[PDB]
Amino acid sequence: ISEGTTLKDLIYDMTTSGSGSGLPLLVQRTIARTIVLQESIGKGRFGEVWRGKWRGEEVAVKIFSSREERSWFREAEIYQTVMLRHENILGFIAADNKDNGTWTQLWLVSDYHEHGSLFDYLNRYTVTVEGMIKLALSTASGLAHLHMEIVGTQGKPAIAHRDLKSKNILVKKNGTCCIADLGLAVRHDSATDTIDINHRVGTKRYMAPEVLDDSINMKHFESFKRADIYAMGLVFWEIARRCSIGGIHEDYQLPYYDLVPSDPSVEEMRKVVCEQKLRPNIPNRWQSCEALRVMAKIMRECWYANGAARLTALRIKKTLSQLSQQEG
Ligand SMILES: CC(=O)Nc1nc(-c2ccc(F)c(C)n2)c(-c2ccc3nccnc3c2)[nH]1
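Under mature numbering (1 follows the signal peptide of the UniProt record, and there is no 0), residues 138 to 334, 337 to 467 are what the sequence shown spells out, in order.
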């Protein structure tokens with residue numbers, strides 16, 4: 138990397154470069170190793186994510202714990218898949234490694250979005266009925282592009298987030314969300330019908348019914364695409380459940396808070412979803428605006444305790460794409 142180069146020039150030179158692929162290793166490496174960590178801004182089992190500057194430009198640095206090396210690899214593998222780089226899918230910058238044995242350091246460097254995750258934004262603020270759409274449409278524009286199975290030269294195989302939730306969604310400056318945390322994600326090659334997979340994963344909450352009572356078929360790459368939606372459905376609930384309309388904007392709450400204890404189990408969740416087939420009670424005061432209902436629609440159009448029955452991702456994309464025209 139030459140004197141004066143800016144992260145912008147890198148990314149630009151990249152997108153507009155021959156192949157729609159990430160930056161050259163040696164370069165990704167140079168970046169990671171010259172980043173200037175600022176201060177931790179979030180932790181987890183996956184490790185911990187910090188905020189840092191690269192030659193002045195802020196950046197996000199997710200730092201895994203050697204013990205969690207595979208989680209690191211998968212993301213690195215995926216965020217670099219042939220041509221996945223939507224406007225709603227976390228801009229991947231680089232991945233690197235550093236020591237030996239017990240202390241090996243694994244990093245993933247992305248783009249920094251001040252606002253943070255939805256689960257934080259939905260707690261710090263109260264979106265507009267207008268914003269509720271940008272946020273919900275983008276998420277949808279994203280999960281679409283992720284399942285969007287292209288084919289040919291370098292057709293991005295269809296991918297399934299396998300763990301979409303209010304925390305793994307980041308919101309930009311212009312109130313545009315973007316998918317993130319593709320660690321548990323899986324790919325699907327259409328030219329040989331394969332899946333690089337392998338049990339019950341994801342957050343014990345937004346788990347779809349198929350998985351909860353185990354009666355799901357992993358042979359067909361749909362059981363995956365499907366569960367993506369239901370979960371993305373629960374996420375919509377939270378968004379509007381925190382939307383303002385003249386004063387009423389019920390406190391933020393995680394899906395199924397009044398039914399099962401905080402930090403649920405597979406059993407405690409399997410009872411209120413499989414059995415009771417109960418969903419987050421959509422307050423009656425919801426049938427107010429023409430938009431607000433479209434959500435309450437999709438929200439149940441997703442909460443079907445039946446796989447195939449759920450709406451497609453690409454769909455909600457088109458429907459909210461239209462409801463975006465007529466409104467605002
Ligand atoms: C659960 C959770 O917080 N997941 C999660 N993974 C990442 C991340 C960061 C860098 C990177 F390269 C990759 C691939 N992912 C982030 C993330 C990304 C950008 C952020 N920008 C500001 C604040 N927090 C952020 C947090 N959040």
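Think of the CB as a built atom: it goes at the ideal place given N, C-alpha and C, for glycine as much as any other residue.
Reduced DSSP secondary structure (H/G/I, E/B, other) of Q426:
Taking the first residue of the sequence shown as position 1, residue 426 is located at position 287. Three-state result, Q426: coil.
State buried or exposed for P294, treating a residue as buried only when at least 16 other CB atoms are found within 10 Å of its CB.
Along the sequence shown, one-based indexing puts residue 294 at 157. With 16 or more other Cβ atoms within 10 Å, it is buried.
From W240 to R166, what does the alpha carbon distance come to, in whole angstroms?
Position 103 of the sequence shown holds residue 240. Position 29 of the sequence shown holds residue 166. Between the alpha carbons of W240 and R166 lies a distance of about 18 angstroms.
Where does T143 fall in DSSP's three states?
Working through the sequence shown from its first residue, we reach residue 143 at position 6. DSSP places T143 outside both helix and strand once states are collapsed to three, so it counts as coil.
Would you mind stating whether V399 and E407 have Cβ atoms separated by less than 7 angstroms?
Taking the first residue of the sequence shown as 1, we reach residue 399 at position 260. Taking the first residue of the sequence shown as 1, we reach residue 407 at position 268. Yes. Within cutoff.
What would DSSP say about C441, mapped onto helix, strand or coil?
For the purposes of this step, residue 441 is taken as residue 302 along the sequence shown, with counting starting at 1. Looking at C441 - three-state DSSP - the assignment turns out to be helix.
Between residue 336 and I306, which are expected to be in contact by the criterion C-beta below 8 angstroms, what is the C-beta distance as a whole number of angstroms?
Residue numbering in the chain breaks between 334 and 337, and residue 336 falls inside that break, so it has no position here.
Just verifying my parser: in three-state terms, what is the DSSP assignment at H250?
The residue you call residue 250 lines up with position 113 of the sequence shown. Three-state DSSP puts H250 in coil, outside helix and strand.
Taking 6 angstroms as the cut-off, is the C-beta of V196 nearer than that to any heavy atom in ligand 1?
Your numbering for residue 196 matches position 59 in the sequence shown. Proximity of the beta carbon of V196 to ligand 1 is not indicated: no heavy atom of the ligand is located closer than 6 angstroms.
Check whether the region 410-430 touches the region 449-457, taking contact to mean three or more Cβ pairs, one atom from each stretch, closer than 8 angstroms.
They do not touch, by the three-pair rule.
With three or more beta-carbon pairs closer than 8 angstroms as the criterion, would you say the region 374-392 touches the region 429-447?
Touching, yes.
Examine ligand 1 and report whether any of its heavy atoms sits within less than 6 angstroms of the Cβ of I178.
For the purposes of this step, residue 178 is identified with residue 41 of the sequence shown, where counting begins at 1. Because some heavy atom of ligand 1 lies under 6 angstroms away, the Cβ of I178 counts as near it: yes.
Using only the alpha-carbon positions, how far apart do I172 and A232 sit?
Within the sequence shown, residue 172 is the residue found at index 35, counting from 1. Within the sequence shown, residue 232 is the residue found at index 95, counting from 1. Taking the straight line joining both Cα atoms gives about 12 angstroms.
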